[PDB]
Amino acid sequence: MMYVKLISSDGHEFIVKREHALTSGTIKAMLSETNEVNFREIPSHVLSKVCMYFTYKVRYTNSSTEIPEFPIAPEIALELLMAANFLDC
């Protein structure tokens, strides 16, 4: 079971499964030996939510079951939009 580390601008280290991080085409280009990525522009309150999106996407993609809404707090929406645009996810 392989994992990668995504580090936020404020130093928070997020360890997610490799398969999940490969959701972001941006991350896939740099990885798919190397398993550590620094995001000097993405704070932890945003990067933590990106990691939640990866789990959500892997879980619910091609699912027959009812898919729940992905929640986004108004306060993080603008920063999350910018991160998602860079990450291509």
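Just count from 1 along the sequence shown to find any residue number. Superpose the two forms; the largest set of C-alphas matching within 1.5 Å is the rigid core.
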Original post:
When the other structures are laid on this one by the rigid core, do the CA atoms of 7-15 or of 21-29 sit farther away in 7 other deposited structures of this protein?
Top reply: 21-29
Original post:
Taking the other compared PDB entries with both flanking residues modelled, is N38 unmodelled in at least a third?
Top reply: no
Subject >> Chain break class at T55/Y56 - deposited residues not modelled >> reply: none
Original post:
Mean C-alpha B-factor higher for 33-41, or for 47-55?
Top reply: 33-41
**OP:** Please place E79 in the lowest, middle or highest third of its chain by C-alpha B factor as given in the entry.
**Re:** middle
Original post:
If you rank every modelled residue in this chain by C-alpha B factor, which third holds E66: lowest, middle or highest?
Top reply: highest
